[PDB]
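This report concerns only the one structure given below.
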Amino acid sequence: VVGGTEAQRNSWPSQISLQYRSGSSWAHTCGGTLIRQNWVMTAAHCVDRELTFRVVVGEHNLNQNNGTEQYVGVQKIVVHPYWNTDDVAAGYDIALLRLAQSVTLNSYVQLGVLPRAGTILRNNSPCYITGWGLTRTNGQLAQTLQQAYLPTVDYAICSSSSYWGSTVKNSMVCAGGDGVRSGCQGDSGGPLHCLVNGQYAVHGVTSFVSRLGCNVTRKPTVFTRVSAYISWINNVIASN
Ligand SMILES: [Ca+2]
Numbered sequence: 027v028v029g030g031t032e033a034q035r036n037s038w039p040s041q042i043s044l045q046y047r048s049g050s051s052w053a054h055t056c057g058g059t060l061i062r063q064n065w066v067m068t069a070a071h072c073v074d075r076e077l078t079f080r081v082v083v084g085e086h087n088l089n090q091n092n093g094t095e096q097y098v099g100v101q102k103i104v105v106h107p108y109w110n111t112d113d114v115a116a117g118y119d120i121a122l123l124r125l126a127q128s129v130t131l132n133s134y135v136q137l138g139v140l141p142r143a144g145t146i147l148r149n150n151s152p153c154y155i156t157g158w159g160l161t162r163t164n165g166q167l168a169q170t171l172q173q174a175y176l177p178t179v180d181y182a183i184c185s186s187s188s189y190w191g192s193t194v195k196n197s198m199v200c201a202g203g204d205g206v207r208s209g210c211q212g213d214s215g216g217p218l219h220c221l222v223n224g225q226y227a228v229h230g231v232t233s234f235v236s237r238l239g240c241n242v243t244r245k246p247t248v249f250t251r252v253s254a255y256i257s258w259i260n261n262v263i264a265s266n
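Per the UniProt record's numbering, the sequence shown runs over residues 27 to 266.
Laid out in structure tokens, this is it:
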């Protein structure tokens, strides 16, 4: 997250760290949202590689013991059937991870609230992106969970020539684009928490940013619109 602030330890309990094994250690590569005690929602591009992944819930500082972490392996990876690794702009950047075991819920580990199917946020709706992603374009991962205030940019505006044009689809949510704050590598798969009727709900799954950089003016961070996949999500959980 570029231009963010350190999130309070108990602010976003549904946020998880998706890590892959590298040698005798683990490396954070993406974020995700715990949606069931044994299911995590993340971006499909986060699990394209043939890597061994693990999920960490109750995480805050990637480099120090917080005394709240739970580590669990990934049992099954269900990527959306229409996902195409070489066409992120086409959409369908979403995947569900069935965990090897069900995590314990507490102050630091909670299921993320998902919006009702079809829900679209009004322009400039209040949202926060969270994650351990790079703190600067081509920079390095944050040690502590970061959050950045990223108001939404409606589709009409986001799909205009000055912004993302045809690159953005109706199945996506745009947020930010102020040139200072944004998601960045390592935030992918993580949540976009938006305030609706007094309650924060995970409306987006971090998908992509401009190849020009992370925090680029009029190039808001783009997320898979969660409300467009409610049926898909339920279908997967019900049959897996
Ligand atoms: Ca830790």
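Idealized CB from N, CA, C, for every residue including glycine.
Rounded straight-line distance, which links the Cα of residue j to that of residue i
i           : j           : result
residue 136 : residue 183 : 34 Å
residue 180 : residue 151 : 9 Å
residue 257 : residue 196 : 16 Å
residue 250 : residue 198 : 5 Å
residue 193 : residue 209 : 18 Å
residue 265 : residue 53  : 31 Å
residue 86  : residue 67  : 19 Å
residue 259 : residue 34  : 29 Å
residue 167 : residue 29  : 13 Å
residue 61  : residue 145 : 18 Å
residue 186 : residue 244 : 10 Å
residue 90  : residue 191 : 42 Å
residue 125 : residue 43  : 13 Å
residue 223 : residue 149 : 15 Å
residue 96  : residue 227 : 23 Å
residue 211 : residue 238 : 13 Å
CB-CB length for residue i against residue j, believed under 8 Å
i           : j           : result
residue 88  : residue 169 : 6 Å
residue 218 : residue 230 : 3 Å
residue 57  : residue 203 : Incorrect: roughly 20 Å between the Cβ atoms, too far for contact.
residue 84  : residue 134 : 4 Å
residue 65  : residue 123 : 7 Å
residue 98  : residue 127 : 5 Å
residue 213 : residue 155 : 7 Å
residue 111 : residue 71  : 7 Å
Where residue i falls: helix, strand or coil (DSSP)
i           : result
residue 54  : strand
residue 262 : helix
residue 229 : strand
residue 174 : strand
residue 99  : strand
residue 71  : helix
residue 163 : coil
residue 193 : helix
residue 42  : strand
residue 153 : strand
residue 146 : coil
residue 37  : coil
residue 120 : coil
residue 128 : coil
residue 206 : coil
CB contact flag (residue i, residue j, <7 Å)
i           : j           : result
residue 206 : residue 164 : no
residue 103 : residue 82  : no
residue 37  : residue 59  : no
residue 153 : residue 201 : yes
residue 17  : residue 253 : Examination of residue 17 is not possible in this model, given that the chain is present from 27 through 266 alone.
residue 159 : residue 248 : no
residue 233 : residue 121 : no
residue 78  : residue 47  : yes
residue 63  : residue 105 : no
Residue environment, residue i, which counts as buried when at least 16 other CB atoms sit within 10 Å
i           : result
residue 108 : exposed
residue 113 : exposed
residue 138 : buried
residue 45  : buried
residue 188 : exposed
residue 236 : buried
residue 225 : exposed
residue 143 : exposed
residue 51  : exposed
residue 147 : buried
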